[PDB]
Amino acid sequence: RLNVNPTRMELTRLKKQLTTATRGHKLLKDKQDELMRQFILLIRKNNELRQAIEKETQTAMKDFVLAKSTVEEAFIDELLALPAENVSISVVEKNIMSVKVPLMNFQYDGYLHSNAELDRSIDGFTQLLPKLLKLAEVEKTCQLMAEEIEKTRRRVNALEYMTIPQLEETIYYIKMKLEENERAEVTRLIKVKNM
Amino acid sequence: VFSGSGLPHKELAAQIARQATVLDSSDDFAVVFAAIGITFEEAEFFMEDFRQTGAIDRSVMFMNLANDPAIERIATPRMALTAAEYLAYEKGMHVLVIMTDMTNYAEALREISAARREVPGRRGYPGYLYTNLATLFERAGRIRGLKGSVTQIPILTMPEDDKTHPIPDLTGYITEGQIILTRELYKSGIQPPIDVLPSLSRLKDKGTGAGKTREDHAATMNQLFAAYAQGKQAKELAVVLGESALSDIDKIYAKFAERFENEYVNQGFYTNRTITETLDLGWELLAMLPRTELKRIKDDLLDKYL
Amino acid sequence: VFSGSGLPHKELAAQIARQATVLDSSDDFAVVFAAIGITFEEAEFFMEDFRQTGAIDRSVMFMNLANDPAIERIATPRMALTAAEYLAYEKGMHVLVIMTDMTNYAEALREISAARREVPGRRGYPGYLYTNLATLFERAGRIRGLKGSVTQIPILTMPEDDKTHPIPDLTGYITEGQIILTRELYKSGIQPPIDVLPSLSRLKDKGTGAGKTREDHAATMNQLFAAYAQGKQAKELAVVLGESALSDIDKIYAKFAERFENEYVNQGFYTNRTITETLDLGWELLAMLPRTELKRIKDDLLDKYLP
Amino acid sequence: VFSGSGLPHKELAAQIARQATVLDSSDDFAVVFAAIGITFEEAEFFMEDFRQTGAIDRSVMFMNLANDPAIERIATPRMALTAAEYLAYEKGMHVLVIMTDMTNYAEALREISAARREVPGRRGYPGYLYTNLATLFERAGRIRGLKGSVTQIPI
Amino acid sequence: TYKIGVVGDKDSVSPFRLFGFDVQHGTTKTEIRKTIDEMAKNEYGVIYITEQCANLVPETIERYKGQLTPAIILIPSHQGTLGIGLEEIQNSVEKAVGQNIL
Amino acid sequence: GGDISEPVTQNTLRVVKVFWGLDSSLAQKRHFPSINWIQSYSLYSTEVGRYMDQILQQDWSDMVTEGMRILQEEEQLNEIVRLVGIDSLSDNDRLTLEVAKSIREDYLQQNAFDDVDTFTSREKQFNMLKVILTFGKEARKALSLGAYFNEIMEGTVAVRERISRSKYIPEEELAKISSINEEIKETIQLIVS
Amino acid sequence: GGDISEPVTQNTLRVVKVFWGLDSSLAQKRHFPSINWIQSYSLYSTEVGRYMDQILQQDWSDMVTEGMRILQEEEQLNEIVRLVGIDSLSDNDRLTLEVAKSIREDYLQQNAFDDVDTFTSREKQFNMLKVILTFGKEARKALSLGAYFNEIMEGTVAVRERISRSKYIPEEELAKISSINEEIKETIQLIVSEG
Amino acid sequence: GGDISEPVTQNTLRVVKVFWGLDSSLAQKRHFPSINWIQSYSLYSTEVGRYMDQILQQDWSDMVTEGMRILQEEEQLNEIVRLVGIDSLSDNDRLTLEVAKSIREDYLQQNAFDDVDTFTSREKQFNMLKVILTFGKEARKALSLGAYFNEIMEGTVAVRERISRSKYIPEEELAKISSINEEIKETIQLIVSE
């Protein structure tokens, strides 16, 4: 039960809130069910992409580790940060059922001695770049969706177990309270009329 | 007409009185207008608007103010109906009675009640409130073999706008349907603020159909009511899921409900539409819908009316 | 002080009696206590406190306990107030009237109007309950050309914790504000358990400001109310769903309402904060919010006090 | 037995009444069935189910209907318990008292109260609704030195 | 236009310097947590971090998981993976959908 | 008990044309004056609207109804804000709640003990109300071009703050109120680009 | 307001043996007669069912009981749908919903203004119910060995239409309803072999 | 209806310092005595706390303070459980719910018909509540040493029942309740290793 003024004004106000709560209850479960159906599709490519990325990235790394072992350390250190290329990101905001979803795209703006083996490892990181990007896009899409599913589900549980039952029980208490006092005052008025 | 304090039920009452008519010209139409517990300003508003439009020459007015004795307040509706029953059942006229405010009348009924030291009473109002309203409401209708009729449009205000109040509740038990004014609609700018969903006319089926109105009157009615219902529904899905999640058919319905409010019901208190103008406007809004969504109607009506 | 059964309105009334001294001066406070149908333990609490503080040699007390006849409660407050107005307006004293329980006064008054079989008002109470209460509470304040004053602090318990009950209702329309204790705050260990939102002071606007208090009194006050109100609203959304989903600003507001209740409000019944310390404490709470949110305070005050 | 409308408290009543017995002996057990303000159909169901199963041969029935005057509806359980107390305390029997419907009883008590210009209590029921019901139920129990007992099942 | 940052040991994430990525190497928990937090405040778009670094500072990562930016993505090192990132998938799946699709 | 169903209130509402309904929920937040802009009314608003429209030569009657409509939509929109998250709302609906937030805080709220904000003339009222509406009407434009709600929120934290302070500037500096107006259009103009 | 807690309704249900409660939620969506099939009851239902067990010499009481059992189960299934989602359908449970939906639409709903649906005799009432029930019987029996849910729903498109239109079948053409019943048996074997 | 808004209940609570709110829900769950530990209060709690601190010469006040605090946190935690689930809770929050559970089932719940459980002396109340709190303090400490909430439950199955039956321990054998404390420590520190 809620604690509020047991008045006629509050009663009429709470009853309309109950009507609001009930329709919004279903509006969330339609929202939840159809938010999760797409979540299944997204999380499947997430697992497919990550397991792909986590192996191409590893081999390219170990290849670089092995290749840099045969080359002089000082050479590698100065080769790095040539750059000579600058890569940045352009995030667009896409909506998937009232959820902010990132849309990422790549935006743009090597020493003569790069060994063949080193070059194989270097472009091996460049070969990786487009695939690491949508891994970032899909995962964040799934992360921002899973939290929304959590929030929706948790709000739904709150609506059904806490909000509405407290609302129904309060609309019942005040309604009966008003019915009691009216009986009391009327009864009092009966005796007065005899006087 | 069910209204509330602040709602434009006086502009609506005035609008009806001027625009109301029988479309057969071979029938003398009259309007008995009863003002009950009415403040001078809106009492003047009626009287002046009844003259500026020349509605007085067709109507009979009964003006009672709020500061005038409470017995006069009680007598005012019965004064208006006695006239209405004479003009109709003795002089063969089609009489339209408009009464406002009925809440003011009820308050005077309470005042005389405790004067006789009678005891309340559901929510303050005397136990015979039901009959006391019936005794002046039920005085209407058409009598067999008698030219003329008495039609009533009583207008009352809902205290804090709840239909569970004795005045609207008991009135619904005596009258066949009601017209509901909404503050939500009025605040948004819809004039007149008539909520079509909870409002009802139980006797509409008999006043429509070929010879009375057009043949498509009942079909367009059911379709507009349904389309608007699902139209308003698609809107509250677009606020929870965004417009992206809505199917292409529901987005049209969502746009339907919006324009159904801004054009169809938002006439303006000074905009008279004939029954034909109204019906054809219904088709313009039904044309908004996909053809695959218009298969519900008879194809006979679809062909003849857009 | 609007309270309820179980809430510590005793300690709150005792504290403000033990700590109230006006600035710009060092004058005394000749309090007058009026027990109205209260229990022995409630009455003894005040006396055992008045002796320890030495305020008993500075007071006059009218004792009507629960064992005393109920009808005597009708005359009891009129005795104390007459004594109070005497000491103030004739002997030139600064008087502090403390009456409890005011709820018991109204019920005793109902016993008569029910025995006389009068036409009853709301809830069985007489139709003159408002005026009768008004003949008590309005007997306070200062009068021209007189050094004496009478400050009134009546105490009542709200039946069923209901603010709309005839006794706390009618009292609220009379007195110049009210201080409301709440169970939700008390169970949370907040001492004193004062819900500042339904609380009120009607004479706080001319008794504050430069010359009275520090110049930033009014601004911080309204800014605190606005921040605490939205703070409560934020935590209201924090138990139904995770804190991360809501706006960080809302989350700062949520943390604000946490600090406000625990640090600002919960000072304990044995802490005496000067107006300097209470105001600077509020600035530290207002510190948590960006200056864009502080829409109640002028920019000049912001560049002078805010960290 | 706390029940509701449309629920089978009727069948539950008749079942117990015809199955009720003790492991004491063959004949020292009896049943006092009190019907209160119930419809005739409900009564005839009881009356004949007692006739069919032969449970009538060991039971006493007080059948009061819904159309019977209110005061006859409130006097019904008191005559049932009076007969039960006689059979149990004077004749040393183990008597089981079945009473239904108590809701009909309360409404009858409600009607009589208002007719006597009495001020009503909570939800329009007499203030002495507790005590009145207690003057029925507390009539059950065992007495020292006396063979037999009175057991009540208020439905 | 937003930015890209990379966190990991030298032998694994060094080549990312060739793309203009802000590539730093933290070994202590406080070092990684600070860098990530400053990256978020200076509006970095994506932060790729090795699982041997992400394992040291989990509390800060989940703090941004609900935010639009930055996106924090667990890449492996040359030695391999700890299987965190591919299990964090499972963590999000079961939190939403009770039974297994994987 | 604050219950406006009581006779004195209800009988008065049938004999008067203006109703300034005060509720405690606003008063507790120190929202002053605590007038419920949803349940309150004035049957003079039509004729008054035309009057103050004539002597100002500005579409005030259109401005006042669009401001009230926004507040009316806000009431219906808050119903789901209580249920679903605030961020989940549509971009063109989140702008409504912020432009309604502005009406409530920047305009509706008015402290009677502030010596500049105690009184507000028709021209200051106009300039203030003009700013609030023109912001939302300017932000909706950018929002229909493809700009994102959050992107135009951060870039307007400097101009919205000045709107919040538009209540506190003297009546000899109304030029400072319209200074904000053209600034808004200027600011969002290179945000969209 | 439709609140049966009314003193009149409450005192009435104390003496009446048959209760036909009309939901307002069924009033709109045009479910007529809007009698709520869960809250409503009949204290004659048992005896009537055995009387008609002799006038038709059929397990009519068994059909009525099964008809209700399908409806109560639907309500239990309905909240399962709400609290959790439409999945997992378990085929059998989602079928129970379709059979219940058939009962609600093809049997419970009848237009009092339709010239043949305003009245249906015991003769017609039996055949109509038997058709709906035998649809659920033959579908659940073929479901196990062995068909997936919308395989049946795809092959039973036209036959469920006949069941839905059995209401409007003239009394003197009562045999057509019986023809519907045995069309159902052949069509699910039509896709059982091969499916 | 158990509605304490009744005038009799209200009038009484104005002149008494102790309120034992009996809960119908607890009664249906066979939680006896059905006393609402959240709604009930005693305005003697502060004073009695001082008295028992000097009659036992222990820190009895802090024991009942942490004891209530655990119960009061349990309510906050339970509301979260019915929203997200019990497995969404961390090990600290799940430990609190298992300690609070013990407080209810092993201490609060007291059968009035059992020959030994119907009465519990002042010192047995101490030894029982001490054992209960001791488990919580040690398990919390165990978690800080890298141990998991699940491991604590499984490894302390034997002891946790001995705690559950301490209320059945005769007044003559109160030492059998004190010795539980040693077993609790020796068990959980072993779990940290194993």
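Per-chain residue numbering starts at 1, and chain names A, B, C, D, E, F, G and H are given in the order in which the chains are listed.
Throughout what follows, a contact is a pair of C-beta atoms (placed from the backbone, for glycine too) under 8 Å apart; a residue touches a chain by one contact, two chains touch by 3 or more.
Steps from chain B to chain F, minimised over paths through touching chains, total 1. The two chains most heavily joined by C-beta contacts are A-E.
Once the centre of each chain is set as its mean CA position, chain D and chain E turn out to be 77 Å apart. Chain E and chain H, compared by their mean Cα positions, are separated by 43 Å.
Inter-chain spacing, taken between the CA centroids of chain B and chain C, is 53 Å. Within chain H, contacts with two or more other chains are made by residues 79, 83.
Counting only residues that touch two or more partner chains, chain A has 5, 7-9, 24, 27-28, 31, 36, 93, 98, 100, 147, 150-151, 154-155, 158, 162. Residues of chain E in contact with at least two other chains: 66, 95.
Against chain A, in their complex, chain C makes its touches with residues 117, 119-120, 123-124, 161-164, 240-242, 244-245.
Looking at the complex, you find that chain A touches chain G at residues 26, 29, 32-33, 36, 160. Considering their complex, residues 8-9, 12, 23-24, 27-28, 30-31, 34, 95-98, 182, 186, 189-190, 193 of chain A touch chain B.
Within the complex formed with chain F, the chain A residues making contact are 5, 7-10, 20-21, 24, 27-28, 31, 93, 98-100, 148, 151-152, 155, 159. Every residue of chain F that touches chain C in the complex is listed here, in rising order: 1-3, 24, 28-31, 85-87, 105-106, 111, 113, 157, 160-161, 164-165, 168.
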